[PDB]
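Novice: Can you keep this structure in mind? I'll have questions shortly.
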Ligand SMILES: O=C(O)/C=C/c1ccc(O)c(O)c1
Ligand SMILES: O=C(O)/C=C/c1ccc(O)c(O)c1
Ligand SMILES: [Cl-]
Ligand SMILES: [Cl-]
Ligand SMILES: [Cl-]
Ligand SMILES: [Cl-]
Ligand SMILES: [Cl-]
Ligand SMILES: [Cl-]
Ligand SMILES: [Cl-]
Ligand SMILES: [Cl-]
Ligand SMILES: [Cl-]
Ligand SMILES: [Cl-]
Ligand SMILES: [Cl-]
Ligand SMILES: [Cl-]
Ligand SMILES: [Cl-]
Ligand SMILES: [Cl-]
Ligand SMILES: [Cl-]
Ligand SMILES: [Cl-]
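Residue numbers (the working numbering), protein chains in the order written: chain Z, 2 to 252; chain C, 3 to 252.
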């Protein structure tokens, strides 16, 4: 604001769980603010998200970025996380943001599963959210769950087990049952304001077809396919992802 | 079980919320179990729900009935409840029931908004749930939120407030935003096993069309329109709804 600028650690509560986040506070009495959502098994302080936050703050756009339940410093077991309760975390964070008296426009920015959170939350709040940036939004998680193959880990999609050993973690059965019937595009499509879609052509984790589909369903969207980029927009690709995001939002 | 019969309080956690419930425990080493779900602003111990649980227990069908988040004895503010986090409560109850070694078949019984929770939970667990009874299930909560009128409380459906005073309570705006796009019939239709639909013809809170619609969508449903019954199946209609429910579950 006019008096304080910089970082602070913030904590919110959703259904008895603490959510830990980082706020970047820019100059000025009034400013826009982005809520930035990390992906599946990630956290709020990946290099991509730290750099999005930094780049937006460089343009006087505030941001908050939280660890979802079951991730980073936030409460709850990973086994108990679903995309639905991450949407609930997102709405709790939105509650905090929309009552801040300095905030003018609210933007959502999401990477991967965090992009599914953002897109569905924007379709639930199409009157309140002003712009959305989706980075490699993992809408394919639904089809993957219907097919019985999530990130190479297989199971009967009609007899989902109670819990699924999942690389080094344990993925909840309820995560997969929710994922199969999540109305991702049905809800997301109700957001008719501007959307920026950014997806690496060499993403082997979420097919770039997810972004080509969101681009079809959205009334006012712009698709940026990034030649050769990977799922995480890492290294030599990170700046372009951060640049497109910031430009879209600074307009 | 073979040694204890009767009522007990049970508590479960869902996220960081405690849910408080009542278990009705019948005779016998193995038995079927109904999970019973109350409606909007109700609690686990309404007359109707108590009578259903007792009637099942007399037929050696166990049951549990919990207060949803933001209701009765359970944790959380009412303002923060939605049908979505009720399905999350119902799933935490299902986790408890499905790991009990005495339980044979699992049934869901839901009244009004508890009926939408039951029908959606059964469409998420169509492999596990064996039968579902819905009493006046409130699927019309969706159309009502799209219309901008929830039990006579009004708002612009395209400009839903942050919160809405509602009788002596505070309803959350997110409840309403959820309601408008809730895929009630899409998810519910995945359950292809037997469903009993019980709806009173003089229900003024939830149109009987709600249960006629479920009857169309379900592969295997039986529809009971009880002539003269109101939303709560009050007075003489209560035993009629209870006996249909018990008979169907067996
Ligand atoms: O957030 C990510 O980085 C990846 C998410 C993702 C991608 C594919 C799936 O099947 C799934 O459950 C989650
Ligand atoms: O549970 C009940 O007894 C009634 C539920 C109900 C009925 C109509 C609505 O619009 C609504 O949000 C909830
Ligand atoms: Cl100021
Ligand atoms: Cl990193
Ligand atoms: Cl988050
Ligand atoms: Cl897929
Ligand atoms: Cl990749
Ligand atoms: Cl749209
Ligand atoms: Cl488009
Ligand atoms: Cl007793
Ligand atoms: Cl026993
Ligand atoms: Cl009562
Ligand atoms: Cl709410
Ligand atoms: Cl709200
Ligand atoms: Cl809210
Ligand atoms: Cl469907
Ligand atoms: Cl009535
Ligand atoms: Cl039918």
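No residue lacks a Cβ here, since even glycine has one placed at the ideal position from N, Cα and C.
Which word fits residue 157 (chain Z), buried or exposed, when buried means at least 16 other C-beta atoms lie within 10 angstroms of its C-beta?
Specialist: As a first step, residue 157 (chain Z) must be located in the first chain, where it is residue number 156. The residue is exposed, with fewer than 16 neighbouring Cβ atoms inside 10 Å.
Novice: Can you tell me the Cβ-Cβ gap for residue 233 (chain Z) and residue 49 (chain Z), rounded? I've got them flagged as a contact below 8 Å.
Specialist: Locating residue 233 (chain Z) in the first chain gives position 232, where the first residue counts as 1. Locating residue 49 (chain Z) in the first chain gives position 48, where the first residue counts as 1. At roughly 6 Å, the Cβ-Cβ gap stays under 8 Å, so residue 233 (chain Z) and residue 49 (chain Z) are in contact.
Novice: Which value, in whole angstroms, describes the spacing of the CA atoms of residue 212 (chain Z) and residue 185 (chain Z)?
Specialist: Locating residue 212 (chain Z) in the first chain gives position 211, counting from the first residue. Locating residue 185 (chain Z) in the first chain gives position 184, counting from the first residue. Roughly 12 Å separates the two Cα atoms.
Novice: Against residue 161 (chain C), what residues of chain Z qualify as contacts under a CB-to-CB distance less than 7 Å, listed in chain order?
Specialist: Along the second chain, read from residue 1 onward, the residue named residue 161 (chain C) stands at position 159. Result: 128.
Novice: For the 8 Å Cβ check, are there 3 or more pairs between the region 57 to 77 of chain C and the region 15 to 28 of chain C?
Specialist: Segments in contact, yes.
Novice: Taking only three categories from DSSP, how would you classify residue 183 (chain C)?
Specialist: Start at 1 with the first residue of the second chain, and residue 183 (chain C) comes out as number 181. In the structure shown, residue 183 (chain C) sits in a helix (DSSP, three-state: H, G or I).
Novice: Compare the C-alpha of residue 222 (chain Z) against each of Z:104, Z:142, Z:131, Z:84 and name the closest.
Specialist: Locating residue 222 (chain Z) in the first chain gives position 221, counting from the first residue. The shortest Cα separation from residue 222 (chain Z) among Z:104, Z:142, Z:131, Z:84 belongs to Z:131.
Novice: Is there contact here, the region 116 to 135 of chain C with the region 187 to 198 of chain C, by at least three beta-carbon pairs under 8 Å?
Specialist: Verdict: yes, contact present.
Novice: If contact means a Cβ-Cβ distance below 8 Å, which residues of the region 172 to 200 of chain C contact chain Z?
Specialist: Residues passing the 8 Å Cβ filter: 176, 179, 180, 183, 185, 188, 189, 192.
Novice: Would DSSP call residue 81 (chain C) helix, strand or coil?
Specialist: To locate residue 81 (chain C), count along the second chain from 1; it is residue 79. Three-state DSSP puts residue 81 (chain C) in a helix.
Novice: At the level of alpha carbons, what is the spacing between residue 80 (chain C) and residue 192 (chain C)?
Specialist: Start at 1 with the first residue of the second chain, and residue 80 (chain C) comes out as number 78. Start at 1 with the first residue of the second chain, and residue 192 (chain C) comes out as number 190. So the alpha carbons of these two residues sit roughly 30 Å apart.
Novice: Is there a C-beta anywhere in chain C that falls below 7 Å from the one on residue 92 (chain Z)?
Specialist: As a working note, residue 92 (chain Z) is residue 91 in the first chain. Taking Cβ atoms only, chain C reaches closer than 7 Å to residue 92 (chain Z), which makes this a yes.
Novice: What do you get for residue 160 (chain Z), buried or exposed, if any count of 16 or more other CB atoms within 10 angstroms of its CB means buried?
Specialist: Stepping through the first chain from its first residue, residue 160 (chain Z) is reached at position 159. So residue 160 (chain Z) counts as exposed.
Novice: Are the C-beta atoms of residue 69 (chain C) and some chain Z residue less than 7 Å apart?
Specialist: Position 67 of the second chain, counting from 1, holds the residue named residue 69 (chain C). Taking Cβ atoms only, chain Z never reaches closer than 7 Å to residue 69 (chain C), which makes this a no.
Novice: Please find out if some non-hydrogen atom of ligand 8 comes closer than 6 Å to the beta-carbon of residue 193 (chain Z).
Specialist: Residue 193 (chain Z) sits at position 192 when you count from the first residue of the first chain. True, at least one ligand heavy atom lies under 6 Å from that Cβ.
Novice: Could you tell me the distance, in whole angstroms, from the CA atom of residue 199 (chain Z) to the CA atom of residue 45 (chain Z)?
Specialist: Within the first chain, residue 199 (chain Z) is the residue found at index 198, counting from 1. Within the first chain, residue 45 (chain Z) is the residue found at index 44, counting from 1. Spanning the two alpha carbons is a distance of roughly 19 Å.
Novice: The region 139 to 161 of chain C: which residues have C-beta closer than 7 Å to a C-beta of chain Z, in chain order?
Specialist: Result list: 160, 161.
Novice: Answer yes or no: do residue 9 (chain C) and residue 26 (chain C) have a C-beta to C-beta separation smaller than 7 Å?
Specialist: Locating residue 9 (chain C) in the second chain gives position 7, counting from the first residue. Locating residue 26 (chain C) in the second chain gives position 24, counting from the first residue. Yes, these two residues count as a Cβ contact at 7 Å.
Novice: Closer than 5 Å between the C-beta and any heavy atom of ligand 4: which residues qualify, listed along the chain?
Specialist: For ligand 4, the selected residues are Z:47, Z:48.
Novice: With contact counted as at least three CB pairs below 8 Å, one residue from each stretch, are the region 33 to 47 of chain Z and the region 92 to 111 of chain C in contact?
Specialist: No contact exists between the region 33 to 47 of chain Z and the region 92 to 111 of chain C.
Novice: Using DSSP with H/G/I as helix, E/B as strand and the rest coil, what is residue 21 (chain C)?
Specialist: In the second chain, residue 21 (chain C) corresponds to position 19, counting from 1. Here residue 21 (chain C) sits in strand by DSSP.
Novice: Just to confirm the assignment, what range does the beta strand (DSSP E) spanning residue 222 (chain Z) have?
Specialist: As a position in the first chain, residue 222 (chain Z) is number 221, starting the count at 1. Unbroken beta strand (DSSP E) run through residue 222 (chain Z): 222 to 227.
Novice: Give the secondary structure of residue 62 (chain Z) by DSSP, where H, G and I count as helix, E and B as strand, and everything else as coil.
Specialist: Reading the first chain from its first residue, position 61 is the one you call residue 62 (chain Z). Coil at residue 62 (chain Z), not helix or strand.
Novice: If we ignore side chains and look at the alpha-carbon of each, how far apart do residue 188 (chain Z) and residue 126 (chain Z) end up?
Specialist: Counted from its first residue, the first chain places residue 188 (chain Z) at position 187. Counted from its first residue, the first chain places residue 126 (chain Z) at position 125. Those two C-alpha atoms are separated by around 10 Å.
Novice: As a quick exercise: from Z:74, Z:141, Z:36, Z:51, pick the residue whose alpha carbon is nearest that of residue 97 (chain Z).
Specialist: As a first step, residue 97 (chain Z) must be located in the first chain, where it is residue number 96. Per the Cα distances, Z:36.
Novice: Identify the contact partners of residue 125 (chain Z) in chain C, using a Cβ-Cβ distance below 9 Å as the criterion.
Specialist: In the first chain, residue 125 (chain Z) corresponds to position 124, counting from 1. Near residue 125 (chain Z) (Cβ distances below 9 Å), the residues of chain C are 176, 179, 180, 182, 183.
Novice: What does residue 18 (chain Z) touch in chain C if you count any residue whose Cβ is under 7 Å from its own?
Specialist: Taking the first chain and counting its residues from 1, one reaches residue 18 (chain Z) at position 17. By Cβ distance, chain C contributes 17, 18.
Novice: Evaluate residue 86 (chain Z) with the Cβ neighbour count: other Cβ atoms within 10 Å of its Cβ, from every protein chain shown; 16 or more gives buried, anything less gives exposed.
Specialist: Locating residue 86 (chain Z) in the first chain gives position 85, counting from the first residue. Per the 10 Å Cβ criterion, buried.
Novice: Give the C-beta separation of residue 208 (chain C) and residue 147 (chain C) to the nearest angstrom, bearing in mind that I take them to be a contact with Cβ-Cβ under 8 Å.
Specialist: Here residue 208 (chain C) corresponds to residue number 206 of the second chain, with the count starting at 1. Here residue 147 (chain C) corresponds to residue number 145 of the second chain, with the count starting at 1. About 13 Å; that fails the 8 Å criterion.
Novice: Give the single residue among Z:148, Z:137, Z:172 whose Cα lies nearest to the Cα of residue 81 (chain Z).
Specialist: Your numbering for residue 81 (chain Z) matches position 80 in the first chain. It is Z:172 whose Cα lies nearest to the Cα of residue 81 (chain Z).
Novice: Which residues in chain Z sit within 9 Å of residue 90 (chain C), going by Cβ to Cβ distance?
Specialist: Taking the first residue of the second chain as position 1, residue 90 (chain C) is located at position 88. The answer, in chain order, is 16, 83, 85, 86, 89, 175.
Novice: Is there at least one non-hydrogen atom of ligand 2 closer than 6 Å to the beta-carbon of residue 152 (chain C)?
Specialist: Against the second chain, residue 152 (chain C) aligns to sequence position 150. Yes, ligand 2 has a heavy atom inside 6 Å of this Cβ.
Novice: Do the CB positions of residue 227 (chain C) and residue 203 (chain C) come within less than 7 Å of each other?
Specialist: Walking along the second chain from the start, residue 227 (chain C) turns up at place 225. Walking along the second chain from the start, residue 203 (chain C) turns up at place 201. Contact flag set, yes.
Novice: Counting only Cβ pairs nearer than 7 Å, list the residues of chain Z close to residue 77 (chain C).
Specialist: On the second chain, position 75 is the one that residue 77 (chain C) refers to. Here the neighbours are 17.
Novice: Go through the residues and name those whose CB comes closer than 7 Å to any heavy atom of ligand 3, in chain order.
Specialist: Result (chain order): Z:2, Z:3, Z:4, Z:30, Z:103.
Novice: Tell me the DSSP bridge mates of residue 210 (chain Z)?
Specialist: Counted from its first residue, the first chain places residue 210 (chain Z) at position 209. According to DSSP, residue 210 (chain Z) bridges with nothing at all.
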